[PDB]
């Protein structure tokens, strides 16, 4: 399968606390993390999350692929710990944090595991049809399902994120992959500017490197309020 990643600061923020990583060699897992935190806390956080999940997976992939849930859950904690450790040290970054979305493909690339903590999403496109797999870990999001798409007040506050000692929710769930459909991993940066409609259109793009770029370009054109990162995987 063809995979492509691409990040970018956007049109406003001078820095970039987004991060991502693709397992180019084997293509077994993918990551994306939206970091937050003053004094370059966000960059540290997202990097830590990605490095730690990544390393943890490369270590117990063969060992626990028969049990993906434990694998992912454990990986996320490895990162959550890493981050929390940094908070306790550098006091300027006590409030650093990050989100993370990860996809873990089965040896036989037919099943796709989706783990996540935060408001970065995972989408599944199939035969001109986009579907959101993950559920934003936020209050207003967790208001609805008691509130309508009139989201706009506090709609930004996360309710979960790596880098909290009380971390109580690592959403892991499988989805079936039918040759042809596409997989997407993004950060609020994408979805805050583009609607699922627009997103679906660009994803239809046959070339993943073309889509990924179209996605980021599109995103920045609607405005670049946040750092945007996307990982497009064609099954």
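Numbering follows the first chain given and starts at 1.
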- Can you count, per the entry, how many deposited residues between residue 145 and residue 146 come without coordinates? Answer none, 1 to 3, 4 to 9, or 10 or more. 4 to 9
- Per the entry, where is the mean C-alpha temperature factor higher: 83-91 or 108-116? 108-116
- Query: Mean C-alpha B factor from the entry: is it higher for 177-185 or for 42-50?
  - Reply: 177-185
- Out of 12, 219, 19, 211, which shows the largest CA B-factor listed in the entry? 12
- Task: Please work out which residue in 96, 149, 158, 101 has the highest C-alpha B-factor recorded for this crystal structure.
- Result: 149
- Item | CA B-factor placement of residue 191, once the chain's modelled residues are sorted into thirds | lowest
- Note on the structure: Split the chain's modelled residues into thirds by Cα B-factor; residue 231 lands in the lowest
- Sort the modelled residues of this chain by their C-alpha B factor and say whether residue 69 lands in the lowest, middle or highest third. highest
- residue 121: CA B-factor among chain residues, third -> lowest
- Message: Going by the CA temperature factor in the PDB record, which third of the chain does residue 134 belong to: lowest, middle or highest?
- Response: lowest
